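We begin with a single chain expressed as structure tokens, specifically the form deposited in one PDB entry.
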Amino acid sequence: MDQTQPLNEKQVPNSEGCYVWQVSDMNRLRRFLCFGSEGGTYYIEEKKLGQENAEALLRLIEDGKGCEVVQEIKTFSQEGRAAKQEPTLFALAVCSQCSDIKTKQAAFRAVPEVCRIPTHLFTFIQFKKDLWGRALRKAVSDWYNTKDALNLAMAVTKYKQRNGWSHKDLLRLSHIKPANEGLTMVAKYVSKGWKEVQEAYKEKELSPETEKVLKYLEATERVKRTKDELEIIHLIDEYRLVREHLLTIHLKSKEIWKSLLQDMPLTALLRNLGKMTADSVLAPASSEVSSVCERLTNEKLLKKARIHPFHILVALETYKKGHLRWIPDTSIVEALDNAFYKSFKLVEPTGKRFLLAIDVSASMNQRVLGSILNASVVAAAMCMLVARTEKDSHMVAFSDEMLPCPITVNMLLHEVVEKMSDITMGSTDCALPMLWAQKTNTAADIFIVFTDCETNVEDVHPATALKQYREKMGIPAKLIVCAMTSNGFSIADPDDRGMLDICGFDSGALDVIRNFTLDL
């Protein structure tokens, strides 16, 4: 029996016509939350991949798991497990208009929490349009009324974009009734303007909290009336204004940028590394560079700034590239490598024996999350994560034959990326890691295969190779399939308790791995 034939009646043909199992709908939802469907996969066009994922979600609802889905969405968003919020927002939108009364209600109830920032709310609304009753108005009203007025003021005072997204419109369409004076004030600022706010609040008794909102709006307005660097720096120092609150002429100043650098939100810092280096703002051997390195390697700050490991991987590739042109600062490059590991949810090692196998076949050249990184690079980063936490780990690579592993656990992340950028090619035999481990009599308690599961060679099924490995070696080895796309295929036998499906770049993947490895 080989891969071109069905192991049993539950198998389905993959893109290459070979047999695998359909990953469970709940696990496909997780694959979707983590990878989305932008750019599709090597074998599946973008729109089709999105529809496949939307259909899986619809089956879940149809099967009564609607509320479980919404709970899962809230959980991923709260724990910051996914690199992008789009998939999560699309899934929430789908749930807010489905056939299940209870799921609709649960979806709407989750909008204020799942839509963490303005962009999210706007994206969520656009998806609902894609797909204003009392429920939507209440949800939107709830979103504004549950946010901190000062934080809202901070967001609405940044420069606007011509993307059709308007707070003025949402405040109107939602028929909102502001719950506190600070929100009433910001709503007035958005709908009527600064002059109106000033006039409505002159002579007015305000709590110290509402007063802070008024003084902050005043600060953002003062920015526009001056080109004096010292005055602007004082405003950044006292009110923590960011780049988007400033005039273009202000952004021409190196000192203003240094003041902006001081408390720059980590996500913005990651995006501005190259520019600030080219601009001499992050000069070699500078205290500016040192502070940056310290903020990036502070696990508590990364978590609070919701920095996902994929954000760091992408930021690193972009920065190391050097082009706008700059000399990538070596200490920052090292800091990013360090931050990558600290951004995943850390767990105690299992001390077991791991065989980590990276698929470097042709289809793995497929791009991940709309980035320039291909699936083999991303898989390599996941493999490094595991190897770094589990001392007893041996890394291997494969296509339709075992291949020398281009990476070693001691390499820095930027090196891993370089080595894996053009390594993809050839057919795919997902049974190889187990077969190779057997032939070479290498001991492993856990096999983790990083792949898209599009196996397609006339060799034994990977599930088969695992069982043969178990028997011959006398080890009850488990197989963890770390999916690298949101397709719906899996080489793991749903009927074998010793096999599990997980998803690459789920920031809490190590916890899933730990629990399965120790039957916790």
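Whichever C-alpha set is largest while still superposing within 1.5 Å between the two forms counts as the rigid core. In case it trips you up, residue 1 is the first one in the sequence shown, and so on.
J.: Residues with no coordinates between residue 131 and residue 132 in the deposited sequence, how many: none, 1 to 3, 4 to 9, or 10 or more?
T.: Gap between residue 131 and residue 132: 4 to 9 residues without coordinates.
J.: As recorded in the PDB entry, how many deposited residues are without coordinates between residue 323 and residue 324: none, 1 to 3, 4 to 9, or 10 or more?
T.: The entry has 4 to 9 unmodelled residues between residue 323 and residue 324.
J.: 498 to 506 versus 5 to 13: which one carries the higher mean Cα B factor per the record?
T.: The stretch with the larger average C-alpha B-factor is 5 to 13.
J.: Going by the B-factors listed in the PDB entry, is the mean over the C-alpha atoms higher for 443 to 451 or for 346 to 354?
T.: For C-alpha atoms only, the mean B-factor is higher in 346 to 354.
J.: Hey, out of 72, 244, 199, 237, whose CA B-factor is highest in the deposited coordinates?
T.: Highest C-alpha B-factor among the listed residues goes to 199.
J.: Choose from 437, 312, 260, 397 the residue with the greatest Cα B-factor as stated in the PDB record.
T.: Checking the PDB record, the top C-alpha B-factor among 437, 312, 260, 397 is at 437.
J.: Classify residue 402 as lowest, middle or highest third according to the C-alpha B-factor given in the PDB entry, relative to its own chain.
T.: Within its chain, residue 402 is a middle-third residue by C-alpha B-factor, going by the deposited values.
J.: Compare the C-alpha B factor of residue 144 with those of the other modelled residues in its chain, then answer lowest, middle or highest third.
T.: For residue 144, whose C-alpha B-factor we compare with every modelled residue in the chain, the answer is the lowest third.
J.: Quick check on the deposited entry: does the C-alpha B-factor of residue 491 sit in the lowest, middle or highest third of its chain?
T.: CA B-factor rank for residue 491: middle third.
J.: Among the modelled residues of this chain, does the Cα B factor of residue 58 put it in the lowest, middle or highest third?
T.: According to the entry, residue 58 has a C-alpha B-factor in the chain's middle third.
J.: Of the three thirds of its chain by CA temperature factor, lowest, middle or highest, which one includes residue 111?
T.: Tercile = middle for this residue's CA B-factor.
One more form of this protein, deposited in another entry, exists but is not displayed; see below.
J.: Core fitted between the shown form and the other one: which of 367, 345, 160, 175 shows a C-alpha shift of 2 angstroms or more?
T.: Comparing the C-alpha positions, the one residue that moves 2 Å or more is 160.
J.: So, superposing on the core, is the move of residue 147 at the CA at least 2 angstroms between the shown form and the other one?
T.: For residue 147, whose C-alpha is compared between the shown form and the other one after core superposition, the shift is 2 Å or more.
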